[PDB]
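Take a look at this single chain, the form deposited in one PDB entry, given in structure tokens.
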């Protein structure tokens, strides 16, 4: 039969990934903390001293930063937020050393209207951070699945419009294309997915079998070109 190493090889070839790690399904520990540890080990090998790491929001990325905090200080890694929201990055940034360089988009995650988001993106202190993010060497993001900032109603319509998952709040369909008649898209302050693709090494950290279709789609769209996930999710991706 087949195990984690074989799932890594298959994922790597099937989605043309640059790096993949697949962690075993059960252990004496919950998946999400173990995803963090694994994403952290992958980033430690990928990042060179003084390089720049763009970070998304969410529990998996915040767990990852925690595990990476020592390497971040020791290796002088500069962190930059991929999205607005400020406070949503504090569980991961809090663990860092005071001398660590962190560049934070000083704006909300989501504006109340598209005109307001467009205004805020043009504010110099925000535009500067958006450019810095797009220029990073490596990115780490979570991946949400349609299976705080979005109402129940919006979530239901996002799904009716064919979204399967999101990165940074931007929703894409089963083929990996951004769903284009979704209003939240034009209201978000951070980097759009088309800009995220500038970053050369884009690591998704995500798991739960429920997320298989979203993770697959994210790779088919090109948004991530490296993956950290778990055994069961990997299997499900491969049959997607």
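Only residues modelled in both forms are compared. In this text, rigid core is short for the largest set of C-alphas that superpose within 1.5 Å between two forms. Numbering follows the first chain given and starts at 1.
Only in words, not in the display: the form deposited in another entry, which the text now covers.
Trainee: Overlay on the rigid core first, then point out the one of 131, 90, 156, 102 whose CA is displaced 2 Å or more between this form and the one not shown.
Mentor: Result of the superposition: 90 is the only one at 2 Å or more.
Trainee: Residue 195: CA shift of at least 2 Å between this form and the one not shown after core fit?
Mentor: False for residue 195: its C-alpha shift is below 2 Å.
Trainee: Please check whether, in the other entry, the CA atoms of residue 39 and residue 91 lie closer or farther apart than here, given a change of 3 Å or more.
Mentor: Those two alpha carbons end up farther apart in the other entry.
Trainee: At a change of 3 Å or more, would you call the C-alpha separation of residue 92 and residue 210 in the other entry closer or farther than in the form supplied?
Mentor: Compared with the shown chain, residue 92-residue 210 is farther in the other entry.
Trainee: Are there runs of at least three residues between this form and the one not shown whose C-alphas all move 2 Å or more relative to the rigid core, and where are they?
Mentor: Residues 26-29, 90-100 form the runs that move by 2 Å or more between this form and the one not shown.
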